[PDB]
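This report refers to the structure that appears directly beneath it.
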Amino acid sequence: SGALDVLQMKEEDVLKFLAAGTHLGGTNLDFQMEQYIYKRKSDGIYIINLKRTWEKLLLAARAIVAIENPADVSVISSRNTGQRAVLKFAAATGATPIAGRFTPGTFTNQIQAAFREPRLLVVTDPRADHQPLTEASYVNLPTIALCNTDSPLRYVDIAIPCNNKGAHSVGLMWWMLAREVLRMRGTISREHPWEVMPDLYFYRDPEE
Amino acid sequence: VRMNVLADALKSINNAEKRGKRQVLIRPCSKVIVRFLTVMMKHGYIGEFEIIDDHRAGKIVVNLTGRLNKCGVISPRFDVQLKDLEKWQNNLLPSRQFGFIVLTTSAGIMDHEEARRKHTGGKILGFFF
Amino acid sequence: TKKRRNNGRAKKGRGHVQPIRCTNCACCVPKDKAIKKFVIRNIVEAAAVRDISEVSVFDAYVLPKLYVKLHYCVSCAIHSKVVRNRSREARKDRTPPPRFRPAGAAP
Amino acid sequence: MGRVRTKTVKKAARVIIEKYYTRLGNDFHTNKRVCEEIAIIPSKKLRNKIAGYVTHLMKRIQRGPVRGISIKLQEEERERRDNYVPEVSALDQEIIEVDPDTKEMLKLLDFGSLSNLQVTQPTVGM
Amino acid sequence: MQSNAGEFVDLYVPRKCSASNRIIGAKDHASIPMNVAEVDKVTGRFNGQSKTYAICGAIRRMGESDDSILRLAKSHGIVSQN
Amino acid sequence: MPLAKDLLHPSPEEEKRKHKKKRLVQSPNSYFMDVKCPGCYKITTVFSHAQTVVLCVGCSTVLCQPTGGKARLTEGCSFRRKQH
RNA sequence: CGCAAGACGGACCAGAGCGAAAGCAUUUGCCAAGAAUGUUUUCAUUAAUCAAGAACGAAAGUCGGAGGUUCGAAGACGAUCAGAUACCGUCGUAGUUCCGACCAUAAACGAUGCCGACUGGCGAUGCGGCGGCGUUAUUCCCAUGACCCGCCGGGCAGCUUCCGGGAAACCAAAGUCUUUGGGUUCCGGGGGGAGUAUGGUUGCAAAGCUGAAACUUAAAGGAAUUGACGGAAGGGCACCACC
């Protein structure tokens, strides 16, 4: 609980999550992530704590509200699985974007044409998106992040444990964030469900 | 092997605080370690500590805040003559104003301020600030 | 200034090992140091087997190999490009590689 | 080869195409006239060399989007294409097949669900 | 930083980490805090009214800022059974 | 080591994984048992790791042989721990 | 094809083992010995590190035998070169090998004293113990056994890391050093003269240990950076290069 009730778990969600196979977690734990871990499945794989994955995601959402100018929260992904994902998040919430080749000197370096002064970064893979995570730590900007069980914890305050091996796990978690932030300081009202199908987040890809 | 036990406890602490740690387990403890941990405590440089009783020599858990830049030990335990205390605090304290030299005198393990007030002296244990 | 943390080639836990003799200079180098390359090849070779298969009796048969484990001292293995100076960075890679397994249609 | 277009040329081609796509064409002869209208180019040989490379581009663009060029019309086309979604693919068909433990994942998650068991064998590293 | 007559001198009093109680000093721009929204209870309705934490360059470079937030957020809510 | 443990109350599971000498306050990781062999009805107490042959009260029997560690109890035998 | 002699233990063989270090790979037996582990065994401070003293100590050399297969410090030869006493070929020496004595030195390098604590991630591997309603191998079930996975010690190491160190190269120790203080031992104070003179000592000898000065001289030296340049490696480009 906390903030007081409704805000707790909802089977409906624990259903979307298990469905999207988030909790599945990496075989290599990593030490700073040990808390997330619920249990280790036989035949090596770890079960993330969805309850924990849930609450942190809400904690993330709340930090995204409280930024006044929504545009200046930067959602970021160079990973494909998270590219339409972040583009969607930016469409709904204010949130400006940074997909693909991050481009170095974007936070440091006025002169540049992708120069951004976010007040909050949200990253999807701390290993793939290491540049943005490093640049951010050159200029006092907080970081939400996509972390599987074995992701870099350096310079990331707030993790939301995922699966990020991929599928819809990256889709759902960006979805749920936007869903959550629109609820808070937004205007969804009635932490009731979605007119938006979560598939709308989710990776595209190729063609024959 | 071991010559002193204090020096280990103090170092262990210093590395805890340097890491960003908020607790430590020192081993093995002694009356002198307690007394020193205690002088530190009175002054704020650590939180509360706890002597756990293995059937051996003891183990202490210190909960530390982060007001501690450094707690050192002086070896050997040189004799000090009331106007060598003035010389010591200057050698090893940040400003005249604060930080303590803690020594052992006939009338107790004490910080040098308490020493000056009692008007006794002795052999130097260590310090902090 | 020390170049390879491994010094020569891997010892660490010894101080001694018997030396081998280079298969070229007939030099002398500790066995821990020394480039070693296995060498397995058919008795016959490329072109031969066809006359070797036709001229033989036996219904197939099916070719022996000569096996020889070579040793070179540093200067020979360099000289003959068994191994080649690698940049201050590339030297650190123990690994091994190429892209197909050159066995007939390679270089 | 011996004729490798230089940046001053190649740039102008990217340039015009970005602000000129629906105006420009397939054919050298006409863009060349167009470069007179839409740009101020100092020598005739340059303007020709420009018209020519930008046409080589238009010929290519009109056969597949080209690595660094964007025009309003191409954006609209990608936009429409980037809608697709069927009967939909998961289903997944009656009943999820689980690997169990993933069965024990739901079982100890307070969650009903469809079912199936086939999850056994270890399990080598490398 | 009092002076003679209880006056407050030098020029500023720095903020202190939310995890280590250690001065953020002053040019270490590899450090930042994190304003969490208060909620008008019940739920949603971001209402101000920040609940805020500041984390030091050190903790963050050591691959904490996150957890520290959680000890911070739960201990003072929200966040429970973390 | 992320600036998070309660050195004073550590978990029983990760206390139980640690070396006998590394335990918060030390303690052993060895135990005693009562052992059966139907023919007799009385029961010999035995130490988990043992070095000595241990023989039963009367019958020249066996009752484990020693090893690097825990004594290997012998075939058809039974054993309750066990106390405090 | 057989046999003799003397030599040596290939492939298997590793950033793998053991040993204080020097060093140590055939089988098998005997002889004592050494670490790790396990251990609710035993003692109650037994202990850390060390002038003096002492054990061991690759190679060559030296003393006397055995022995000399192999190869070969010297020599004599054939070539090469302007010169070649060399490299290169050949003949071939003491010697290599072994036994009993000497000798006490090797970039005897991890060029890194030894002992204790503390500070950081991951996966290997030798080894011990521990745990699994995991695999495979069997009999009627086994006791087996080898593995997979995890845990814990203590090995040699590796890998990645703005903790921190350092002049850097680098370094999880070379960290915890101006915020300079855990124990102890040793050596150095610009470079040459010099490991030289001289006395002592040890040595059969060859030599070893201890070890100056006069005089000489303003850099000796380290590390990184960059060119230039190479009979170093991949590179190219041109009939001022070849084809």
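We name chains A, B, ... following the order of the structure tokens; residues begin at 1 in each chain, and ligands are numbered from 1 as shown.
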**Request:** Dump as a VMD selection string the residues of chain F that approach chain B to within 9 Å, counting only C-alpha atoms.
**Result:** chain F and resid 1 to 8 24 to 27
**Request:** Skip range 40-57 of chain D itself and residues of its chain fewer than 2 positions away, then list as an MDAnalysis selection string all residues within 7 Å of it, counting only C-alpha atoms (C1' of nucleotides).
**Result:** chainID D and resid 9 12:13 26:28 31:32 35:36 59:61
Output for the residues just chosen: N, CA and C atoms as a PDB file, in the first residue's frame:
ATOM      1  N   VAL D   9      29.113  19.049 -54.233  1.00  0.00           N
ATOM      2  CA  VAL D   9      28.087  18.461 -55.113  1.00  0.00           C
ATOM      3  C   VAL D   9      27.104  17.570 -54.354  1.00  0.00           C
ATOM      4  N   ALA D  12      24.562  19.444 -52.042  1.00  0.00           N
ATOM      5  CA  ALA D  12      23.508  20.078 -52.811  1.00  0.00           C
ATOM      6  C   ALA D  12      22.428  19.087 -53.228  1.00  0.00           C
ATOM      7  N   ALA D  13      22.825  17.871 -53.600  1.00  0.00           N
ATOM      8  CA  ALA D  13      21.843  16.861 -53.999  1.00  0.00           C
ATOM      9  C   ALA D  13      20.920  16.415 -52.858  1.00  0.00           C
ATOM     10  N   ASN D  26      12.866  12.054 -62.551  1.00  0.00           N
ATOM     11  CA  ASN D  26      13.562  10.906 -63.051  1.00  0.00           C
ATOM     12  C   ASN D  26      14.649  11.260 -64.060  1.00  0.00           C
ATOM     13  N   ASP D  27      14.529  12.435 -64.662  1.00  0.00           N
ATOM     14  CA  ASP D  27      15.245  12.766 -65.873  1.00  0.00           C
ATOM     15  C   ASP D  27      16.190  13.929 -65.667  1.00  0.00           C
ATOM     16  N   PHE D  28      17.412  13.726 -66.116  1.00  0.00           N
ATOM     17  CA  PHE D  28      18.464  14.742 -66.010  1.00  0.00           C
ATOM     18  C   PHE D  28      18.052  16.092 -66.573  1.00  0.00           C
ATOM     19  N   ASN D  31      15.574  18.500 -64.231  1.00  0.00           N
ATOM     20  CA  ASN D  31      16.029  18.978 -62.942  1.00  0.00           C
ATOM     21  C   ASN D  31      17.014  20.088 -63.234  1.00  0.00           C
ATOM     22  N   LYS D  32      17.746  19.908 -64.332  1.00  0.00           N
ATOM     23  CA  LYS D  32      18.815  20.816 -64.685  1.00  0.00           C
ATOM     24  C   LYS D  32      18.197  22.186 -64.861  1.00  0.00           C
ATOM     25  N   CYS D  35      17.178  23.368 -61.353  1.00  0.00           N
ATOM     26  CA  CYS D  35      18.217  23.924 -60.502  1.00  0.00           C
ATOM     27  C   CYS D  35      18.391  25.410 -60.788  1.00  0.00           C
ATOM     28  N   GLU D  36      18.017  25.840 -61.984  1.00  0.00           N
ATOM     29  CA  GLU D  36      18.101  27.249 -62.277  1.00  0.00           C
ATOM     30  C   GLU D  36      17.058  28.015 -61.496  1.00  0.00           C
ATOM     31  N   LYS D  59      16.603   8.475 -59.051  1.00  0.00           N
ATOM     32  CA  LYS D  59      16.449   7.180 -59.695  1.00  0.00           C
ATOM     33  C   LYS D  59      16.491   6.086 -58.635  1.00  0.00           C
ATOM     34  N   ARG D  60      17.443   6.193 -57.703  1.00  0.00           N
ATOM     35  CA  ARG D  60      17.569   5.270 -56.561  1.00  0.00           C
ATOM     36  C   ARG D  60      16.469   5.313 -55.478  1.00  0.00           C
ATOM     37  N   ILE D  61      16.089   6.528 -55.077  1.00  0.00           N
ATOM     38  CA  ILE D  61      15.025   6.774 -54.111  1.00  0.00           C
ATOM     39  C   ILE D  61      13.736   6.120 -54.600  1.00  0.00           C
TER      40      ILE D  61
END
**Request:** Quick one: everything within 12 Å of residue 12 in chain E, counting only C-alpha atoms (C1' of nucleotides), minus sequence neighbours fewer than 5 positions away in the same chain. Send it as an MDAnalysis selection string.
**Result:** chainID E and resid 1 23:26
Could you write out the selected residues, including C-alpha atoms, as a short mmCIF file (atom, residue, chain, number, x, y, z; two decimals), in the first residue's frame?
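Output (part_0.cif):
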data_model
loop_
_atom_site.label_atom_id
_atom_site.label_comp_id
_atom_site.auth_asym_id
_atom_site.auth_seq_id
_atom_site.Cartn_x
_atom_site.Cartn_y
_atom_site.Cartn_z
CA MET E 1 29.38 28.88 10.83
CA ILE E 23 28.54 17.00 1.83
CA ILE E 24 27.67 17.37 -1.79
CA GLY E 25 30.44 19.56 -2.77
CA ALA E 26 30.01 21.91 -5.00
#
Give me, as a PDB file with C-alpha atoms, in the first residue's frame, the contact residues of chain B against chain G at a cut-off of 9 Å, counting only C-alpha atoms (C1' of nucleotides).
ATOM      1  CA  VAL B   1      50.289 -12.039  14.080  1.00  0.00           C
ATOM      2  CA  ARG B   2      48.673  -9.578  16.414  1.00  0.00           C
ATOM      3  CA  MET B   3      50.474  -6.885  18.398  1.00  0.00           C
ATOM      4  CA  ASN B   4      47.459  -4.627  18.879  1.00  0.00           C
ATOM      5  CA  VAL B   5      43.647  -5.114  18.321  1.00  0.00           C
ATOM      6  CA  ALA B   7      44.427  -0.603  15.324  1.00  0.00           C
ATOM      7  CA  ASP B   8      42.360  -3.194  13.485  1.00  0.00           C
ATOM      8  CA  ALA B   9      39.085  -1.971  14.865  1.00  0.00           C
ATOM      9  CA  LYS B  11      41.019   0.783  10.423  1.00  0.00           C
ATOM     10  CA  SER B  12      37.965  -1.433   9.769  1.00  0.00           C
ATOM     11  CA  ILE B  13      35.842   1.544  10.781  1.00  0.00           C
ATOM     12  CA  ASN B  14      37.684   4.008   8.589  1.00  0.00           C
ATOM     13  CA  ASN B  15      37.274   1.732   5.518  1.00  0.00           C
ATOM     14  CA  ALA B  16      33.603   1.237   6.321  1.00  0.00           C
ATOM     15  CA  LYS B  18      35.179   5.475   3.206  1.00  0.00           C
ATOM     16  CA  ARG B  19      33.146   2.884   1.262  1.00  0.00           C
ATOM     17  CA  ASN B  69      36.645  11.948   8.407  1.00  0.00           C
ATOM     18  CA  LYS B  70      39.189   9.896  10.320  1.00  0.00           C
ATOM     19  CA  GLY B  72      43.461   6.940  13.863  1.00  0.00           C
ATOM     20  CA  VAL B  73      45.522   4.979  16.390  1.00  0.00           C
ATOM     21  CA  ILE B  74      48.948   6.081  17.629  1.00  0.00           C
ATOM     22  CA  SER B  75      51.540   3.338  18.053  1.00  0.00           C
ATOM     23  CA  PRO B  76      53.455   3.041  20.077  1.00  0.00           C
ATOM     24  CA  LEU B  92      47.388  15.562  14.209  1.00  0.00           C
ATOM     25  CA  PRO B  94      42.391  19.630  11.687  1.00  0.00           C
TER      26      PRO B  94
END
With a distance threshold of 9 Å and counting only C-alpha atoms, extract the residues of chain E near chain B and express them as a PDB file with N, CA, C and O atoms, in the first residue's frame.
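Saved the output as result.pdb:
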ATOM      1  N   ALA E  19      21.919   9.392   1.633  1.00  0.00           N
ATOM      2  CA  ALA E  19      22.325   8.008   1.797  1.00  0.00           C
ATOM      3  C   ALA E  19      23.546   7.915   2.672  1.00  0.00           C
ATOM      4  O   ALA E  19      23.734   6.927   3.368  1.00  0.00           O
ATOM      5  N   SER E  20      24.392   8.936   2.619  1.00  0.00           N
ATOM      6  CA  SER E  20      25.660   8.835   3.319  1.00  0.00           C
ATOM      7  C   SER E  20      25.933  10.020   4.222  1.00  0.00           C
ATOM      8  O   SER E  20      26.960  10.064   4.898  1.00  0.00           O
ATOM      9  N   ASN E  21      25.027  10.991   4.222  1.00  0.00           N
ATOM     10  CA  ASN E  21      25.166  12.144   5.099  1.00  0.00           C
ATOM     11  C   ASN E  21      26.504  12.824   4.867  1.00  0.00           C
ATOM     12  O   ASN E  21      27.139  13.309   5.804  1.00  0.00           O
ATOM     13  N   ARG E  22      26.931  12.850   3.612  1.00  0.00           N
ATOM     14  CA  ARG E  22      28.193  13.486   3.247  1.00  0.00           C
ATOM     15  C   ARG E  22      28.007  14.637   2.254  1.00  0.00           C
ATOM     16  O   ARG E  22      27.319  14.505   1.238  1.00  0.00           O
ATOM     17  N   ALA E  58      29.400   9.719  -5.240  1.00  0.00           N
ATOM     18  CA  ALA E  58      29.969   8.457  -4.771  1.00  0.00           C
ATOM     19  C   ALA E  58      29.015   7.263  -4.835  1.00  0.00           C
ATOM     20  O   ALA E  58      29.304   6.297  -5.551  1.00  0.00           O
ATOM     21  N   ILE E  59      27.897   7.317  -4.097  1.00  0.00           N
ATOM     22  CA  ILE E  59      26.914   6.217  -4.071  1.00  0.00           C
ATOM     23  C   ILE E  59      26.503   5.795  -5.464  1.00  0.00           C
ATOM     24  O   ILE E  59      26.502   4.621  -5.785  1.00  0.00           O
ATOM     25  N   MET E  62      29.059   3.954  -7.388  1.00  0.00           N
ATOM     26  CA  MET E  62      29.282   2.654  -6.798  1.00  0.00           C
ATOM     27  C   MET E  62      28.138   1.692  -7.044  1.00  0.00           C
ATOM     28  O   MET E  62      28.132   0.581  -6.515  1.00  0.00           O
TER      29      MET E  62
END
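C1' of residue 10 in chain G is positioned 27.9 Å from CA of residue 62 in chain C.
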